[PDB]
Amino acid sequence: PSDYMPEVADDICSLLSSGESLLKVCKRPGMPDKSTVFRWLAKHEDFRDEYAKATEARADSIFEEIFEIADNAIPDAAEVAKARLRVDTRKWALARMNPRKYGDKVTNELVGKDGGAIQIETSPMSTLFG
Amino acid sequence: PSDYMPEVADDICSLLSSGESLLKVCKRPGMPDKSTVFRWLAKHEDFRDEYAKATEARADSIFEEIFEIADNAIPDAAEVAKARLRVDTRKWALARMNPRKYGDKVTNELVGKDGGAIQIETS
Amino acid sequence: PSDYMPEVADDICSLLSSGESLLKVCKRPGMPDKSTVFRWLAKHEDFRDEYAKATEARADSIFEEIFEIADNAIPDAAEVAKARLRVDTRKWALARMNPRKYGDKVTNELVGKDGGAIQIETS
Amino acid sequence: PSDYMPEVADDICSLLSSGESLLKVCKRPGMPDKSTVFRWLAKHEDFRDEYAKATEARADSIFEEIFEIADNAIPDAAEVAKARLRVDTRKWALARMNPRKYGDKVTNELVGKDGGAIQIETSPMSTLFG
Amino acid sequence: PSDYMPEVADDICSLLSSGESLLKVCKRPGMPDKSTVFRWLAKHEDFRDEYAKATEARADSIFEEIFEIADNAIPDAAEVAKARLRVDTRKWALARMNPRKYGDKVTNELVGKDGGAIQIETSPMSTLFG
Amino acid sequence: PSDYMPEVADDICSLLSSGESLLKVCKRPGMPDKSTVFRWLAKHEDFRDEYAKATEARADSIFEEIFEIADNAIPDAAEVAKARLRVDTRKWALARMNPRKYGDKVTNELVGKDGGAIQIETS
Amino acid sequence: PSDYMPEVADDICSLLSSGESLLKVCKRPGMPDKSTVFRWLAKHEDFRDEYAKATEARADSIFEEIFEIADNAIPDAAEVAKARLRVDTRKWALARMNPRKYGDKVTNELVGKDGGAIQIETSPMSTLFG
Amino acid sequence: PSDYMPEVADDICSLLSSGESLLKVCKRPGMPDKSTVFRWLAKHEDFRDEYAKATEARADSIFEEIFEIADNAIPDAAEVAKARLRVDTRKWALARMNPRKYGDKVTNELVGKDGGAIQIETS
């Protein structure tokens with residue numbers, strides 16, 4: 001297909017939601033190629049909105065998948081390295097798909113000199129940085 | 001099974017809370033598949049919260065699991081590498097399951113130039 | 001071909017936007033070499049912006065590419081290492097092509113000493 | 001045991017305090033399984049309080065243990081990798097068991113443009129971010 | 001050449017702009033050695049300005065080059081390691097050549113205690129840090 | 001030996017202060033086991049402080065130790081890996097024994113967009 | 001020696017200043033053992049002051065040394081790993097010996113939402129965090 | 001040669017400025033050893049500054065050197081590892097020789113909870 005087809009768009013969203021990657025999805029019988037999907041996306045806001053929802057679901061599916069890829073890795077040096085790569089790629093991607101949920105988490109205890117208060121001295125501007 | 005049902009949602013939760021993963025929960029007869037679980041969660045806020053605490057409980061189980069995976073690793077190159085991957089994946093996941101508890105911890109001592117006060121100029 | 005020409009610049013863009021890299025675009029008959037493309041960009045602001053969105057579109061294509069490179073890696077030491085390099089290079093590049101979208105994501109919970117309020121003294 | 005048993009809870013706390021991991025503890029003769037311990041924990045505040053103290057002690061014990069795991073590692077490639085994993089897992093866990101004591105430590109010397117003062121310009125809100 | 005030669009300076013800028021490294025450029029027929037280029041740079045502002053432009057272009061060229069070095073790496077352990085080194089060296093250098101464009105990119109979602117507001121308590125100075 | 005006793009607590013301290021680890025101190029005849037040492041510390045604030053300075057003194061000894069471990073490493077793959085683990089463990093531990101002294105050190109030059117002033121809007 | 005000996009203290013400072021490590025220095029003919037040096041340090045402020053100066057010089061010497069350790073490494077897998085360890089250990093130590101000179105260096109370009117101004121909303125305290 | 005002498009100090013500088021390392025400068029006949037160079041620097045502020053610019057010039061030479069070391073690395077495991085160590089050491093050193101130029105570069109987009117404004121409560 002080249003023409004926008006909502007039925008097909010819907011199927012894409014469903015498959016993505018389950019965790020399948022776009023390139024893999026576009027290899028399925030009857031699917032548009034990736035370039036076409038991106039073009040559909042550019043011109044059809046209904047698809048874009050559904051795609052955003054599919055992306056959120058996709059991330060949640062991948063978050064479960066990473067346990068399985070690690071746990072089921074074949075105990076062979078190269079196969080373990082590949083599992084690691086598949087997992088690391090997913091971890092990186094998850095933070096971009098849903099930054100609020102899957103971004104890094106840090107708690108910073110902020111203290112000042114010698115563990116006391118943070119010491120701040122304010123002055124008038126000394127150069128023209130306006 | 002596709003139609004949202006509490007008690008089923010309550011069941012899954014209790015199952016996760018006891019340490020069981022969502023994949024295994026969904027591979028049980030009568031259990032909705034992963035897609036259906038997520039759909040539910042998305043459309044039901046009460047299940048979202050309850051699932052969230054199951055998720056926190058699950059994290060506490062996984063926390064103890066990583067010690068076992070590390071300590072009991074088979075002393076062979078590929079098995080140790082696999083154990084490290086299993087542990088690293090869990091560590092990363094734990095921070096997302098309970099950010100306040102399992103997120104990174106840093107104490108930053110903030111000082112100014114040469115260890116003096118922090119110098120600020122305001123326009 | 002050295003003289004700046006829209007529609008040619010529009011062409012390159014559309015080509016990048018569809019996922020094609022600048023090297024391949026420039027290795028096409030009639031296409032300006034890389035140096036000439038950059039010269040154009042530098043002296044024409046309208047091409048700079050248009051190229052910038054081609055660049056963002058290109059990033060979205062590369063994002064999907066990294067899954068394929070990782071998942072389809074040949075299970076051999078050197079090939080897996082090469083796949084990892086291809087992926088790491090793309091991940092790094094993506095952040096620069098669209099910083100707001102593909103940059104690192106951190107949530108920092110900022111607290112004060114012993115988890116109390118952040119203590120500040122001002123002069 | 002399934003029913004809450006303070007005597008057993010107390011023994012768990014003692015063993016944990018000495019650095020032993022929960023899963024290992026639950027393998028000892030007569031111990032409840034991990035799921036049960038977690039259930040005891042959920043319903044009994046007396047156990048939760050004692051468990052928090054045991055967790056603090058556990059971390060202090062592990063902090064000493066890491067030197068030994070490294071120093072005593074068998075000089076074999078795989079055995080060294082495993083020691084490293086056991087150590088790295090403990091380092092990560094310690095920061096979560098007692099963030100104030102075992103979290104990362106950084107001193108940030110904060111300066112501004114060209115090593116001068118930090119330059120700040122304040123303006124009225126330009127959008128409705130309230 | 002030892003004496004400053006604008007024609008030669010111009011050629012250097014052109015080659016650098018295309019992504020070639022200075023040391024490699026200075027190995028070309030008729031080129032000054034690196035020390036001389038640096039001396040030309042120190043004394044001739046016209047060259048310095050053109051060199052800054054060449055450095056910006058150089059970075060943009062290298063940014064494309066890294067894909068090729070990775071993608072075309074010979075699938076041999078040592079050759080992959082070398083490609084990685086060539087790539088990592090370029091990534092590091094790019095951020096220094098154009099920090100605004102090629103520096104690291106981070107989005108920090110800043111929150112306070114327990115996910116609420118950031119809690120700040122101000123006090124009068126308690127020591128003489130003026 | 002379980003009952004808290006100064007001079008014994010003073011002894012342990014002096015022992016740690018001289019570089020000796022708590023494991024070795026506790027493996028000496030007449031010495032309380034690790035559990036008992038910690039119990040003491042927890043219930044006695046004076047021992048807590050004194051032990052804290054023994055800990056800082058111990059850190060200074062370990063600091064010099066890491067040079068020796070690195071420089072004198074046996075030039076064999078597994079031994080070098082073990083030496084690196086011994087050193088990395090010590091480096092990590094040093095930061096916790098004396099955060100102000102052995103913590104990470106960063107100088108952050110803070111600037112605003114495009115290297116201009118930091119732009120803030122306040123509501 | 002056990003008794004404090006300024007002549008010996010001075011020699012220690014000289015050797016340290018040149019980059020030699022304390023443990024190595026204490027192996028030299030006639031030197032006190034490390035424990036003794038630390039005890040001398042604790043009780044003699046004149047030695048402490050000279051030792052601080054020696055530590056600064058030591059770091060500057062080590063900063064040059066790292067180039068040599070890397071550049072001269074025997075091209076053998078294990079020997080390269082050891083050189084790396086010797087170098088990494090020195091890099092870490094340098095930042096602690098002189099944090100201002102040898103600490104990490106970062107320039108943070110701080111911007112706000114969507115690349116605009118940093119958006120801050122202040123409110124009255126909502127809990128008693130005083 | 002131990003007594004501080006300008007022109008000698010000027011010489012060393014010019015030598016460093018041209019890319020030569022302090023070790024080589026000091027291994028030249030008539031040149032003070034490293035200890036003496038440092039002593040000088042410590043007691044003479046004018047030499048400190050001049051040496052500082054030699055150091056910045058040296059950094060610019062090393063910057064170009066790392067490309068050569070990486071690109072011309074012998075395609076053998078141990079040689080590539082050695083080249084990587086030589087490069088990593090230089091990269092680390094460059095940041096200390098000229099922090100403003102060769103330090104790390106980060107752009108932090110600072111936002112508040114859920115991407116809204118940064119929320120602050122003041123006491």
# chains A, B, ... in the order shown; residues from 1 in each chain; ligands from 1
>>> calpha_fit_and_write(fixed="chain F", moving="chain H", output="short mmCIF file (atom, residue, chain, number, x, y, z; two decimals) with C-alpha atoms, in the first residue's frame")
data_model
loop_
_atom_site.label_atom_id
_atom_site.label_comp_id
_atom_site.auth_asym_id
_atom_site.auth_seq_id
_atom_site.Cartn_x
_atom_site.Cartn_y
_atom_site.Cartn_z
CA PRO H 1 32.85 -11.14 74.78
CA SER H 2 29.57 -9.27 74.30
CA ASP H 3 29.45 -6.54 76.97
CA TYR H 4 30.46 -3.06 75.81
CA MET H 5 33.85 -2.04 77.16
CA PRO H 6 35.84 1.13 76.42
CA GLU H 7 39.59 0.54 76.06
CA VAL H 8 38.49 -2.55 74.15
CA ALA H 9 36.58 -0.16 71.90
CA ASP H 10 39.60 2.11 72.19
CA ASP H 11 41.79 -0.85 71.21
CA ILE H 12 39.80 -1.76 68.08
CA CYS H 13 39.87 1.88 67.01
CA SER H 14 43.63 2.19 67.39
CA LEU H 15 43.88 -1.05 65.41
CA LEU H 16 41.70 0.25 62.57
CA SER H 17 43.44 3.63 62.73
CA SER H 18 46.71 1.86 62.01
CA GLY H 19 45.21 0.37 58.85
CA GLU H 20 43.89 -2.97 60.09
CA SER H 21 40.47 -4.06 58.80
CA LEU H 22 37.51 -4.83 61.10
CA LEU H 23 37.51 -8.49 60.07
CA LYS H 24 41.10 -8.98 61.27
CA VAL H 25 40.47 -6.98 64.43
CA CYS H 26 37.57 -9.32 65.22
CA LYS H 27 39.60 -12.44 64.40
CA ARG H 28 41.89 -11.67 67.33
CA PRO H 29 41.53 -13.63 70.59
CA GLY H 30 39.44 -11.76 73.17
CA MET H 31 37.95 -9.51 70.50
CA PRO H 32 34.17 -9.20 70.10
CA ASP H 33 32.80 -10.52 66.81
CA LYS H 34 31.60 -8.09 64.15
CA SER H 35 27.97 -8.22 65.34
CA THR H 36 29.01 -7.14 68.83
CA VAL H 37 31.19 -4.32 67.56
CA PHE H 38 28.23 -2.94 65.57
CA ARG H 39 25.82 -3.35 68.47
CA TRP H 40 28.20 -1.32 70.64
CA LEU H 41 28.56 1.41 68.02
CA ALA H 42 24.77 1.61 67.64
CA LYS H 43 24.15 2.09 71.37
CA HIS H 44 27.20 4.22 72.27
CA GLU H 45 27.66 7.63 70.64
CA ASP H 46 31.17 8.18 72.04
CA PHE H 47 32.38 4.99 70.38
CA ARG H 48 30.60 6.02 67.17
CA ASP H 49 32.66 9.19 66.89
CA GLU H 50 35.96 7.58 67.90
CA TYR H 51 35.37 4.73 65.47
CA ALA H 52 34.60 7.36 62.82
CA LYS H 53 38.11 8.83 63.12
CA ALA H 54 39.66 5.37 63.14
CA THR H 55 37.71 4.93 59.91
CA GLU H 56 39.15 8.12 58.46
CA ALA H 57 42.66 7.05 59.48
CA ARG H 58 42.02 3.64 57.92
CA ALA H 59 41.02 5.36 54.68
CA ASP H 60 44.33 7.21 54.51
CA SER H 61 46.18 3.89 54.77
CA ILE H 62 44.06 2.29 52.07
CA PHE H 63 44.72 5.31 49.83
CA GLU H 64 48.41 4.47 49.79
CA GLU H 65 47.65 0.75 49.43
CA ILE H 66 45.94 1.15 46.06
CA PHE H 67 49.17 2.40 44.44
CA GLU H 68 50.97 -0.74 45.58
CA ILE H 69 48.22 -3.07 44.42
CA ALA H 70 48.20 -1.46 40.95
CA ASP H 71 51.96 -1.11 40.50
CA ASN H 72 52.86 -4.55 41.84
CA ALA H 73 50.13 -6.49 40.02
CA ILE H 74 51.32 -9.78 38.52
CA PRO H 75 51.34 -9.27 34.71
CA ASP H 76 48.86 -12.06 34.05
CA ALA H 77 45.28 -11.62 32.82
CA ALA H 78 43.41 -13.01 35.83
CA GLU H 79 45.79 -11.44 38.38
CA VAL H 80 45.52 -8.02 36.72
CA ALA H 81 41.71 -8.36 36.70
CA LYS H 82 41.81 -9.29 40.40
CA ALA H 83 44.09 -6.35 41.21
CA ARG H 84 41.70 -4.03 39.35
CA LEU H 85 38.79 -5.41 41.39
CA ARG H 86 40.72 -4.94 44.64
CA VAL H 87 41.55 -1.35 43.64
CA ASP H 88 38.05 -0.47 42.39
CA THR H 89 36.54 -1.83 45.59
CA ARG H 90 38.89 0.27 47.69
CA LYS H 91 38.29 3.42 45.62
CA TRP H 92 34.54 3.03 46.05
CA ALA H 93 34.91 2.34 49.77
CA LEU H 94 37.25 5.30 50.36
CA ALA H 95 34.57 7.77 49.21
CA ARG H 96 32.23 6.37 51.87
CA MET H 97 34.84 6.34 54.64
CA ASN H 98 35.69 10.02 54.08
CA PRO H 99 33.26 11.70 51.67
CA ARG H 100 34.73 15.19 51.88
CA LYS H 101 38.24 13.91 51.17
CA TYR H 102 37.77 10.94 48.85
CA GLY H 103 34.48 11.73 47.12
CA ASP H 104 34.38 12.61 43.41
CA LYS H 105 35.56 16.08 42.44
CA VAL H 106 33.90 18.12 39.73
CA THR H 107 34.12 21.75 38.69
CA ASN H 108 30.99 22.79 36.83
CA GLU H 109 31.12 25.95 34.75
CA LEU H 110 27.43 26.95 34.61
CA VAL H 111 26.39 29.13 31.68
CA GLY H 112 23.12 29.94 29.91
CA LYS H 113 21.79 29.33 26.42
CA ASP H 114 24.43 29.92 23.74
CA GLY H 115 26.94 30.77 26.47
CA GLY H 116 25.04 33.86 27.56
CA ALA H 117 23.49 34.42 30.98
CA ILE H 118 21.29 31.73 32.54
CA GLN H 119 17.72 32.71 31.65
CA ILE H 120 15.06 32.29 34.31
CA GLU H 121 11.36 33.20 34.28
CA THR H 122 9.54 33.28 37.61
CA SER H 123 5.86 32.92 38.39
#
>>> residues_around(residues="residue 22 (chain G)", least_positions_apart="4", cutoff="12 Å", atoms="only C-alpha atoms", output="ChimeraX atom specification")
/F:60-68 /G:9,11-18,26-28,31-38,51,54-55,58
>>> write_last_selection(atoms="N, CA, C and O atoms", output="short mmCIF file (atom, residue, chain, number, x, y, z; two decimals), in the first residue's frame")
data_model
loop_
_atom_site.label_atom_id
_atom_site.label_comp_id
_atom_site.auth_asym_id
_atom_site.auth_seq_id
_atom_site.Cartn_x
_atom_site.Cartn_y
_atom_site.Cartn_z
N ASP F 60 43.04 6.67 54.93
CA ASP F 60 44.33 7.21 54.51
C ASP F 60 45.36 6.11 54.25
O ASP F 60 46.22 6.25 53.38
N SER F 61 45.27 5.01 54.99
CA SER F 61 46.18 3.89 54.77
C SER F 61 45.84 3.17 53.48
O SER F 61 46.72 2.82 52.69
N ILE F 62 44.54 2.95 53.27
CA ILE F 62 44.06 2.29 52.07
C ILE F 62 44.41 3.11 50.83
O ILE F 62 44.75 2.56 49.78
N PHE F 63 44.35 4.44 50.95
CA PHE F 63 44.72 5.31 49.83
C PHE F 63 46.13 4.98 49.32
O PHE F 63 46.38 4.92 48.12
N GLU F 64 47.06 4.77 50.24
CA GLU F 64 48.41 4.47 49.79
C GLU F 64 48.51 3.02 49.28
O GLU F 64 49.27 2.72 48.37
N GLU F 65 47.69 2.15 49.86
CA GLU F 65 47.65 0.75 49.43
C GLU F 65 47.28 0.58 47.96
O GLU F 65 47.80 -0.31 47.29
N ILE F 66 46.38 1.40 47.43
CA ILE F 66 45.94 1.15 46.06
C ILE F 66 47.08 1.35 45.06
O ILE F 66 47.10 0.70 44.02
N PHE F 67 48.03 2.24 45.35
CA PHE F 67 49.17 2.40 44.44
C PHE F 67 49.96 1.10 44.36
O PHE F 67 50.37 0.67 43.28
N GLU F 68 50.19 0.49 45.52
CA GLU F 68 50.97 -0.74 45.58
C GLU F 68 50.27 -1.87 44.85
O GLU F 68 50.88 -2.61 44.07
N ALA G 9 61.85 12.87 57.77
CA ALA G 9 60.60 13.44 57.29
C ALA G 9 60.82 14.26 56.01
O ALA G 9 60.04 14.20 55.05
N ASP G 11 63.30 13.94 53.85
CA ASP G 11 63.62 13.05 52.74
C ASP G 11 62.36 12.41 52.18
O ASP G 11 62.22 12.28 50.97
N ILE G 12 61.44 12.02 53.06
CA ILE G 12 60.17 11.45 52.62
C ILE G 12 59.44 12.44 51.70
O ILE G 12 59.02 12.09 50.59
N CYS G 13 59.30 13.68 52.17
CA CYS G 13 58.67 14.73 51.37
C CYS G 13 59.33 14.91 50.01
O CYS G 13 58.64 15.05 49.00
N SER G 14 60.66 14.89 49.98
CA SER G 14 61.37 15.02 48.70
C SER G 14 61.05 13.89 47.73
O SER G 14 60.83 14.13 46.54
N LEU G 15 61.04 12.66 48.23
CA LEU G 15 60.79 11.51 47.37
C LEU G 15 59.34 11.52 46.88
O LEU G 15 59.07 11.36 45.69
N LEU G 16 58.41 11.73 47.80
CA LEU G 16 57.00 11.87 47.42
C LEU G 16 56.81 12.96 46.36
O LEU G 16 56.07 12.78 45.39
N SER G 17 57.47 14.10 46.56
CA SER G 17 57.35 15.23 45.63
C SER G 17 57.71 14.82 44.21
O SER G 17 57.15 15.34 43.24
N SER G 18 58.64 13.88 44.09
CA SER G 18 59.10 13.44 42.78
C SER G 18 58.15 12.40 42.18
O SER G 18 58.36 11.96 41.05
N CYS G 26 58.69 3.93 51.97
CA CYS G 26 58.93 3.30 53.26
C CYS G 26 59.72 1.98 53.15
O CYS G 26 60.20 1.46 54.15
N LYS G 27 59.88 1.47 51.93
CA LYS G 27 60.72 0.29 51.67
C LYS G 27 62.20 0.64 51.48
O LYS G 27 63.04 -0.25 51.38
N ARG G 28 62.52 1.93 51.42
CA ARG G 28 63.90 2.37 51.21
C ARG G 28 64.72 2.19 52.49
O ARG G 28 64.17 2.22 53.58
N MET G 31 64.16 3.93 56.24
CA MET G 31 62.87 4.61 56.36
C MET G 31 61.99 4.00 57.43
O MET G 31 62.05 2.80 57.71
N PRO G 32 61.14 4.83 58.06
CA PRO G 32 60.12 4.31 58.97
C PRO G 32 59.07 3.57 58.17
O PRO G 32 58.90 3.87 56.97
N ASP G 33 58.37 2.63 58.79
CA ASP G 33 57.26 1.96 58.13
C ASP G 33 56.08 2.93 58.01
O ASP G 33 56.04 3.97 58.67
N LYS G 34 55.11 2.58 57.16
CA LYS G 34 54.01 3.49 56.87
C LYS G 34 53.27 3.90 58.14
O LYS G 34 52.94 5.07 58.32
N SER G 35 53.01 2.95 59.03
CA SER G 35 52.29 3.25 60.26
C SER G 35 52.98 4.37 61.03
O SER G 35 52.34 5.31 61.50
N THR G 36 54.30 4.26 61.15
CA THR G 36 55.08 5.28 61.83
C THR G 36 54.95 6.65 61.15
O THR G 36 54.78 7.67 61.81
N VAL G 37 55.03 6.68 59.82
CA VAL G 37 54.91 7.95 59.11
C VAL G 37 53.57 8.60 59.45
O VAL G 37 53.49 9.81 59.71
N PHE G 38 52.50 7.80 59.45
CA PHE G 38 51.18 8.31 59.79
C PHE G 38 51.12 8.85 61.22
O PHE G 38 50.49 9.87 61.48
N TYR G 51 54.20 17.94 54.28
CA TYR G 51 53.61 16.78 53.61
C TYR G 51 52.54 17.22 52.60
O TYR G 51 52.39 16.64 51.52
N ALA G 54 54.29 18.37 49.65
CA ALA G 54 54.86 17.23 48.95
C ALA G 54 53.77 16.53 48.15
O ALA G 54 54.03 16.01 47.06
N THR G 55 52.56 16.52 48.69
CA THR G 55 51.42 15.89 48.05
C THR G 55 51.05 16.66 46.79
O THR G 55 50.75 16.07 45.77
N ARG G 58 53.75 15.86 44.34
CA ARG G 58 53.58 14.47 43.95
C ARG G 58 52.56 14.35 42.82
O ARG G 58 52.79 13.64 41.85
#
>>> atom_distance(atom1="CA of residue 117 (chain D)", atom2="CA of residue 130 (chain E)")
13.7 Å
>>> select_by_dssp(residues="chain B", states="strand (DSSP E)", output="list in words")
residues 104, 105, 106, 107, 108, 109, 110, 111, 118, 119, 120, 121 and 122 of chain B
>>> interface_residues(of="chain E", to="chain G", cutoff="12 Å", atoms="only C-alpha atoms", output="mmCIF file with N, CA, C and O atoms, in the first residue's frame")
data_model
loop_
_atom_site.group_PDB
_atom_site.id
_atom_site.type_symbol
_atom_site.label_atom_id
_atom_site.label_comp_id
_atom_site.auth_asym_id
_atom_site.auth_seq_id
_atom_site.Cartn_x
_atom_site.Cartn_y
_atom_site.Cartn_z
ATOM 1 N N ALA E 95 32.468 17.110 20.398
ATOM 2 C CA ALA E 95 31.921 17.951 21.457
ATOM 3 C C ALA E 95 32.841 19.141 21.751
ATOM 4 O O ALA E 95 32.371 20.205 22.132
ATOM 5 N N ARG E 96 34.149 18.962 21.606
ATOM 6 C CA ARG E 96 35.065 20.091 21.832
ATOM 7 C C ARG E 96 35.154 21.043 20.647
ATOM 8 O O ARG E 96 35.436 22.226 20.824
ATOM 9 N N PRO E 99 30.732 22.600 20.888
ATOM 10 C CA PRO E 99 30.071 22.175 22.129
ATOM 11 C C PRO E 99 28.565 22.330 22.056
ATOM 12 O O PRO E 99 27.820 21.463 22.522
ATOM 13 N N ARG E 100 28.108 23.422 21.457
ATOM 14 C CA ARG E 100 26.670 23.677 21.391
ATOM 15 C C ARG E 100 25.949 22.620 20.561
ATOM 16 O O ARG E 100 24.859 22.161 20.916
ATOM 17 N N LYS E 101 26.549 22.241 19.440
ATOM 18 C CA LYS E 101 25.932 21.265 18.557
ATOM 19 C C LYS E 101 26.155 19.825 19.033
ATOM 20 O O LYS E 101 25.240 19.005 19.002
ATOM 21 N N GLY E 103 27.774 18.620 22.035
ATOM 22 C CA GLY E 103 27.883 18.273 23.443
ATOM 23 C C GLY E 103 26.786 17.296 23.824
ATOM 24 O O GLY E 103 25.865 17.045 23.038
ATOM 25 N N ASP E 104 26.879 16.743 25.033
ATOM 26 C CA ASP E 104 25.862 15.835 25.526
ATOM 27 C C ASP E 104 24.550 16.586 25.697
ATOM 28 O O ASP E 104 24.549 17.806 25.896
ATOM 29 N N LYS E 105 23.446 15.843 25.646
ATOM 30 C CA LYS E 105 22.103 16.414 25.737
ATOM 31 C C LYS E 105 21.371 15.694 26.843
ATOM 32 O O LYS E 105 21.230 14.471 26.803
ATOM 33 N N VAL E 106 20.896 16.450 27.829
ATOM 34 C CA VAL E 106 20.176 15.842 28.935
ATOM 35 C C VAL E 106 18.946 16.676 29.253
ATOM 36 O O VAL E 106 19.017 17.900 29.249
ATOM 37 N N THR E 107 17.827 16.014 29.535
ATOM 38 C CA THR E 107 16.676 16.717 30.077
ATOM 39 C C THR E 107 16.484 16.272 31.529
ATOM 40 O O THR E 107 16.305 15.078 31.809
ATOM 41 N N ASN E 108 16.569 17.223 32.454
ATOM 42 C CA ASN E 108 16.437 16.895 33.876
ATOM 43 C C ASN E 108 15.087 17.368 34.362
ATOM 44 O O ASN E 108 14.812 18.575 34.370
ATOM 45 N N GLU E 109 14.241 16.419 34.747
ATOM 46 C CA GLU E 109 12.981 16.741 35.400
ATOM 47 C C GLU E 109 13.288 16.921 36.881
ATOM 48 O O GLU E 109 13.650 15.964 37.565
ATOM 49 N N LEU E 110 13.193 18.154 37.366
ATOM 50 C CA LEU E 110 13.568 18.456 38.748
ATOM 51 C C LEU E 110 12.333 18.468 39.641
ATOM 52 O O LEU E 110 11.405 19.244 39.405
ATOM 53 N N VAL E 111 12.334 17.603 40.658
ATOM 54 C CA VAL E 111 11.269 17.553 41.654
ATOM 55 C C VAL E 111 11.875 17.570 43.058
ATOM 56 O O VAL E 111 13.104 17.475 43.219
ATOM 57 N N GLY E 112 11.017 17.718 44.066
ATOM 58 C CA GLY E 112 11.467 17.779 45.436
ATOM 59 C C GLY E 112 11.095 16.531 46.228
ATOM 60 O O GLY E 112 10.670 15.512 45.672
ATOM 61 N N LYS E 113 11.272 16.627 47.539
ATOM 62 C CA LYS E 113 11.028 15.525 48.461
ATOM 63 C C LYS E 113 9.716 14.820 48.142
ATOM 64 O O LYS E 113 8.675 15.463 47.997
ATOM 65 N N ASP E 114 9.789 13.498 48.012
ATOM 66 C CA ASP E 114 8.607 12.662 47.801
ATOM 67 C C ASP E 114 7.844 13.018 46.533
ATOM 68 O O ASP E 114 6.662 12.704 46.415
ATOM 69 N N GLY E 116 7.110 15.990 45.516
ATOM 70 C CA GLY E 116 6.458 17.274 45.665
ATOM 71 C C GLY E 116 7.354 18.418 45.235
ATOM 72 O O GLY E 116 8.271 18.233 44.423
ATOM 73 N N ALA E 117 7.097 19.606 45.773
ATOM 74 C CA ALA E 117 7.901 20.783 45.452
ATOM 75 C C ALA E 117 9.310 20.648 46.036
ATOM 76 O O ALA E 117 9.510 19.950 47.020
ATOM 77 N N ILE E 118 10.277 21.315 45.412
ATOM 78 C CA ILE E 118 11.631 21.381 45.957
ATOM 79 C C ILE E 118 11.602 22.282 47.190
ATOM 80 O O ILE E 118 11.170 23.435 47.108
ATOM 81 N N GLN E 119 12.028 21.745 48.332
ATOM 82 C CA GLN E 119 11.931 22.462 49.605
ATOM 83 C C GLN E 119 13.228 23.188 49.932
ATOM 84 O O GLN E 119 14.266 22.559 50.114
ATOM 85 N N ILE E 120 13.156 24.509 50.019
ATOM 86 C CA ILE E 120 14.329 25.314 50.300
ATOM 87 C C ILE E 120 14.130 26.152 51.558
ATOM 88 O O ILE E 120 13.124 26.854 51.706
ATOM 89 N N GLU E 121 15.110 26.093 52.449
ATOM 90 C CA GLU E 121 15.099 26.905 53.656
ATOM 91 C C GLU E 121 16.314 27.816 53.662
ATOM 92 O O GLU E 121 17.448 27.341 53.607
ATOM 93 N N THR E 122 16.073 29.124 53.715
ATOM 94 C CA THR E 122 17.159 30.100 53.716
ATOM 95 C C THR E 122 17.413 30.625 55.121
ATOM 96 O O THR E 122 16.485 30.797 55.909
ATOM 97 N N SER E 123 18.679 30.871 55.430
ATOM 98 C CA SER E 123 19.061 31.361 56.743
ATOM 99 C C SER E 123 20.114 32.444 56.585
ATOM 100 O O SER E 123 20.700 32.597 55.511
#
>>> select_by_dssp(residues="region 1-87 of chain F", states="helix (DSSP H, G or I)", output="count of residues only")
63
>>> atom_distance(atom1="CA of residue 10 (chain E)", atom2="CA of residue 46 (chain E)")
10.3 Å
